[PDB]
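So the structure is just underneath, and the comments pick up after that.
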Amino acid sequence: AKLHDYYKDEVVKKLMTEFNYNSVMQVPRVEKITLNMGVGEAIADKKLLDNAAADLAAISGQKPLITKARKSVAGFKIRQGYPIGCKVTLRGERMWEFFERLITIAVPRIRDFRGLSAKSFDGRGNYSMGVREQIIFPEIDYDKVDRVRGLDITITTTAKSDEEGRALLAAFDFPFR
Amino acid sequence: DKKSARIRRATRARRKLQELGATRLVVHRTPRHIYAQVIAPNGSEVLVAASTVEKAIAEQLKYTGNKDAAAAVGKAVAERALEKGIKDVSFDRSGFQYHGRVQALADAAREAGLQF
Amino acid sequence: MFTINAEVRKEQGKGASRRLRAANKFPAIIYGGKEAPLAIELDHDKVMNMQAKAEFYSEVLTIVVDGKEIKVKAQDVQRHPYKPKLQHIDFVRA
Amino acid sequence: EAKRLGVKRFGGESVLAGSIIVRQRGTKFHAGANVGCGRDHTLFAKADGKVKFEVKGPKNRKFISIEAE
RNA sequence: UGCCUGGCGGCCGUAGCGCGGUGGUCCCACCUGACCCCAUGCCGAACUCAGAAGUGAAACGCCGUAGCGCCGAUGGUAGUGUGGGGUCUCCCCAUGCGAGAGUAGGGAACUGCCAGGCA
RNA sequence: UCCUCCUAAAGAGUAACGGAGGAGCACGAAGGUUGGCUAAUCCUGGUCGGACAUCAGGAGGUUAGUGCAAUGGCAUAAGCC
RNA sequence: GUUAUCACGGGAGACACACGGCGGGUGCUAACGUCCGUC
């Protein structure tokens, strides 16, 4: 709400002006956000998975859900039905506030800030990257940090092309590649 | 898609009722409007039908779509079926979830004098 | 410029085909357009001599049947598996 | 032992209630009207009438039906 | 009753797939939270409540494209039931049933009932 | 002893000391009901990753799985919650 | 077509078939070797 109002006030206007769209909702509309943890070392120990899930729940407004094995391979010695990681599916006020808090401080402050990639898209305009050093986030404090860990962040949107993703990045002002 | 999933879910009871071969009352629901009909065993003829979009039954309803509207539609369908002589139809909720307007209209039809 | 001759087809079936092949002849068919397809009878040695030419692959055949001249083109020629005999030809009224 | 397989009764022939039409290893045929499928994937009649075969469905699967005389 | 939309059946690649166009008159679809109807292997994940605040946009109805794909003759060919012959590993003679494949052709399907809208 | 494909010739049955194989198991859940979901494989991004832990998106549409050797079937699922 | 069809009662015989024709399997797509379904 707090960020959605501004998004509709300014982002939609500029997007429509630049893309000469006709339908009011032709502008891209965010569907959801996904924050997943796919470290894969959960086989060695199971407590780290629970600790990371609790940390994700604390930083977000809802608890993550665990994901079971998809397909087993003899090379990596992984069975079926054994949980490895978990994901948080942010929708609504929770996703809005989480994304606002991220973009406010977290993204600017990161070591080796080379810049996000505007071309690394799945193919239909869904931006799904991975970020390490979870300490960058403000919620994760040294009193609870356990080990340098990474996560996968995706913004699922109704768009079906990379041009819409580029326009969304431009609206977010896209500091630099 | 939502309509395809709903149709596939309803297909279970739709095919199961073919073996029974008895007239069945079905209701399609939408936040805007609600439709209802009583299909014959052949599956191609309906003995009675109604729709919330129709003013003839929406005159006393504040709007076509609401719990009171669904209850009134169910009561009207039950009364019309009883006066026509449907002879103990079966029920099918078109693959919906039996907790809201569908439940209200089913209860209304049951209390109208039906035995399904 | 190429002379051709044909005979009316009045028989039908594998029996007729065997009769023709025993009598040293074989049938052919002409199809295409709105006119109904029709079967015609041709001999064997003369047809082989005609086909010996290398221009048949692009020449328009002038069939002479029942005192009528018809311009056609051969598209399919069913040839015997190994023996040097022909048993069926297909023409289109181009 | 050689397990018995095949179509016990063909189309256009009369069958009574509970009569098996075809005892198939799998489900090469599907019951239609007045035909039921047992636990052994066997099609059995439920009424008295003539048997018939038909082909339909997205995969052109075969159906066995019964029409009362 | 001319046209559009949704549901209830038939048929099951002529209804299938790719591309362009069009659509809010009705209908359909996107939307907030939900302590309340309903409940989540967390999530309103699926389904429900206030309707248009706004639109025809994923999707969805329809038209063109015969592009991919599908159905498909007559005839011919392989095969085969009966009687006989030959140089009897196989072929032919008289006769009946007839392939697959391919060509012409077909077609962007069609049909019965209910409901709403522009007339 | 039982069971699976040919032989066994477009109905069924159909043999040689013919050519090819598994079993003497197994549940108080791996059964039933009801409410739901739906496959291997490749591609994009991916400190751990070597192509081959899993992860967000696309194609695929049962070549997966369907406890055993094998055969017929299973998407409406007979596969899973 | 003389009911040439089926059903019950009593009496049987055999319970070691060869050759040829038609479509096949084993055999080395060596066969006229060998075993099958039918006349």
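The chains in the structure tokens are called A, B, ... from first to last as shown; in each chain the residues are counted from 1, and the ligands are counted from 1 in the order shown.
By chain and then residue number, the residues within 9 Å of residue 68 of chain B are residues 61, 62, 72, 73, 101, 104 and 105 of chain B, counting only C-alpha atoms (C1' of nucleotides) and disregarding those fewer than 4 positions away in sequence.
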Backbone DSSP call of strand (DSSP E) for segment 4-61 of chain D, listed as a PyMOL selection string: chain D and resi 6-7+14-15+20-23+29-31+35-37+42-45+49-56+61
For atom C1' of residue 49 of chain F and atom CA of residue 133 of chain A, the interatomic separation in Å (one decimal): 18.4 Å
Test item, helix (DSSP H, G or I) assignment across segment 3-173 of chain A, answer as a PyMOL selection string: chain A and resi 3-19+24-26+41-43+47-59+93-106+134-136+162-171
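Residues of chain E having any atom within 9 Å of chain D, counting only C-alpha atoms (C1' of nucleotides), are residues 11, 12 and 13 of chain E.
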Interface, chain E side, toward chain B (7 Å; only C-alpha atoms (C1' of nucleotides)) as a PyMOL selection string: chain E and resi 8-9+37-38+47-48+59+113-116
Residues near residue 20 of chain B, cut-off 12 Å, only C-alpha atoms (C1' of nucleotides), skip fewer than 6 positions along chain, as a ChimeraX atom specification: /B:13-14,40-42,89-90 /D:33-34
With C-alpha atoms retained, could you export that selection as an mmCIF file, in the first residue's frame?
```cif
data_model
loop_
_atom_site.group_PDB
_atom_site.id
_atom_site.type_symbol
_atom_site.label_atom_id
_atom_site.label_comp_id
_atom_site.auth_asym_id
_atom_site.auth_seq_id
_atom_site.Cartn_x
_atom_site.Cartn_y
_atom_site.Cartn_z
ATOM 1 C CA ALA B 13 -19.092 -36.426 -10.800
ATOM 2 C CA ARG B 14 -20.345 -35.623 -14.308
ATOM 3 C CA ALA B 40 -32.130 -34.314 -17.758
ATOM 4 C CA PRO B 41 -30.492 -37.764 -17.655
ATOM 5 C CA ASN B 42 -29.632 -37.526 -21.360
ATOM 6 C CA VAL B 89 -33.239 -35.059 -8.921
ATOM 7 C CA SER B 90 -29.642 -35.510 -7.815
ATOM 8 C CA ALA D 33 -23.600 -48.724 -21.389
ATOM 9 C CA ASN D 34 -24.765 -51.688 -19.283
#
```
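If you take only C-alpha atoms (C1' of nucleotides) and a cut-off of 12 Å, the residues of chain F that reach chain B are residues 35, 36, 37, 75, 76 and 77 of chain F.
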Mind dumping the selected residues with C-alpha atoms (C1' of nucleotides) as a PDB file, in the first residue's frame?
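result-v7.pdb written:
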```pdb
ATOM      1  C1'   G F  35     -10.708 -32.739  -0.513  1.00  0.00           C
ATOM      2  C1'   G F  36      -6.517 -31.564  -3.776  1.00  0.00           C
ATOM      3  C1'   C F  37      -1.677 -31.841  -6.943  1.00  0.00           C
ATOM      4  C1'   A F  75      -3.523 -38.343 -17.097  1.00  0.00           C
ATOM      5  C1'   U F  76     -10.329 -38.784 -15.160  1.00  0.00           C
ATOM      6  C1'   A F  77      -5.173 -41.801 -13.212  1.00  0.00           C
TER       7        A F  77
END
```
Would you mind listing, for every residue of chain D within 12 Å of chain F, the two atoms forming the shortest contact and the distance between them in Å to one decimal, using only C-alpha atoms (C1' of nucleotides), sorted by chain and ascending residue number, as a Markdown table?
```
| residue | atom | partner | partner_atom | distance |
| --- | --- | --- | --- | --- |
| D:1 | CA | F:3 | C1' | 8.4 |
| D:2 | CA | F:3 | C1' | 9.7 |
| D:3 | CA | F:3 | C1' | 9.4 |
| D:4 | CA | F:13 | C1' | 8.7 |
| D:5 | CA | F:12 | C1' | 8.1 |
| D:6 | CA | F:12 | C1' | 6.4 |
| D:7 | CA | F:11 | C1' | 7.6 |
| D:8 | CA | F:12 | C1' | 7.9 |
| D:9 | CA | F:11 | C1' | 9.5 |
| D:10 | CA | F:11 | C1' | 8.5 |
| D:11 | CA | F:11 | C1' | 11.5 |
| D:22 | CA | F:12 | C1' | 11.3 |
| D:23 | CA | F:72 | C1' | 11.4 |
| D:24 | CA | F:72 | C1' | 7.7 |
| D:25 | CA | F:72 | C1' | 5.0 |
| D:26 | CA | F:72 | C1' | 4.0 |
| D:27 | CA | F:73 | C1' | 5.2 |
| D:28 | CA | F:73 | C1' | 7.1 |
| D:29 | CA | F:73 | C1' | 9.9 |
| D:30 | CA | F:73 | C1' | 11.0 |
| D:39 | CA | F:78 | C1' | 11.0 |
| D:40 | CA | F:73 | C1' | 11.6 |
| D:41 | CA | F:73 | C1' | 9.2 |
| D:61 | CA | F:73 | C1' | 11.8 |
```
Chain A residues near chain E (8 Å cut-off, only C-alpha atoms (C1' of nucleotides)) as number ranges by chain: A: 23-26, 62-65, 88-91, 158-159
Write out as a short mmCIF file (atom, residue, chain, number, x, y, z; two decimals) with C-alpha atoms, in the first residue's frame each polymer residue whose atoms come within 7 Å of segment 52-54 of chain D, counting only C-alpha atoms (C1' of nucleotides); drop sequence neighbours fewer than 3 positions from it.
```
data_model
loop_
_atom_site.label_atom_id
_atom_site.label_comp_id
_atom_site.auth_asym_id
_atom_site.auth_seq_id
_atom_site.Cartn_x
_atom_site.Cartn_y
_atom_site.Cartn_z
CA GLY D 11 -20.46 -57.79 -31.49
CA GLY D 12 -23.99 -58.42 -32.67
CA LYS D 62 -12.28 -49.01 -28.09
CA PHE D 63 -15.58 -49.22 -26.20
CA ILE D 64 -17.93 -52.17 -25.66
CA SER D 65 -21.63 -51.36 -25.32
CA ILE D 66 -24.84 -53.35 -24.90
#
```
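The space between atom CA of residue 53 of chain C and atom CA of residue 4 of chain C spans 13.4 Å.
As for atom CA of residue 72 of chain C and atom CA of residue 12 of chain C, they are spaced 22.3 Å apart.
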Polymer residues at most 10 Å from residue 56 of chain F, only C-alpha atoms (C1' of nucleotides), same-chain spacing of 6 or more positions, as a PyMOL selection string: (chain A and resi 33-36+87+122+126-130+152-156) or (chain F and resi 45)
Would you mind exporting C-alpha atoms (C1' of nucleotides) of the selected residues as a PDB file, in the first residue's frame?
```pdb
ATOM      1  CA  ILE A  33       8.283 -12.388  -5.042  1.00  0.00           C
ATOM      2  CA  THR A  34      10.210 -15.580  -4.291  1.00  0.00           C
ATOM      3  CA  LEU A  35      13.059 -15.836  -1.768  1.00  0.00           C
ATOM      4  CA  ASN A  36      14.528 -19.349  -1.922  1.00  0.00           C
ATOM      5  CA  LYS A  87      11.337 -20.733  -0.057  1.00  0.00           C
ATOM      6  CA  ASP A 122      14.605 -16.445 -18.084  1.00  0.00           C
ATOM      7  CA  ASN A 126      11.049 -12.814 -14.994  1.00  0.00           C
ATOM      8  CA  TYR A 127      14.086 -11.480 -13.117  1.00  0.00           C
ATOM      9  CA  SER A 128      15.512 -14.351 -11.036  1.00  0.00           C
ATOM     10  CA  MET A 129      19.060 -13.876  -9.717  1.00  0.00           C
ATOM     11  CA  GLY A 130      21.108 -15.059  -6.756  1.00  0.00           C
ATOM     12  CA  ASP A 152      17.893 -16.753  -4.715  1.00  0.00           C
ATOM     13  CA  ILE A 153      15.651 -13.733  -5.318  1.00  0.00           C
ATOM     14  CA  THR A 154      13.013 -13.632  -8.055  1.00  0.00           C
ATOM     15  CA  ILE A 155      10.334 -11.092  -8.964  1.00  0.00           C
ATOM     16  CA  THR A 156       7.491 -12.907 -10.731  1.00  0.00           C
TER      17      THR A 156
ATOM     18  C1'   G F  45      20.660 -17.280 -13.908  1.00  0.00           C
TER      19        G F  45
END
```
Distance-based interface of chain F with chain A, 6 Å, counting only C-alpha atoms (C1' of nucleotides), as a ChimeraX atom specification: /F:44-45,53-57
Non-local contacts of residue 92 of chain A (9 Å; only C-alpha atoms (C1' of nucleotides); under 5 positions in same chain excluded) as a VMD selection string: chain A and resid 1 32 97
Can you spit out the residues from that selection as a JSON list (two decimals), in the first residue's frame, using C-alpha atoms?
```json
[["chain", "number", "residue", "atom", "x", "y", "z"],
["A", 1, "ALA", "CA", 0.00, 0.00, 0.00],
["A", 32, "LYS", "CA", 4.75, -12.08, -6.42],
["A", 97, "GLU", "CA", 7.20, -3.83, 2.60]]
```
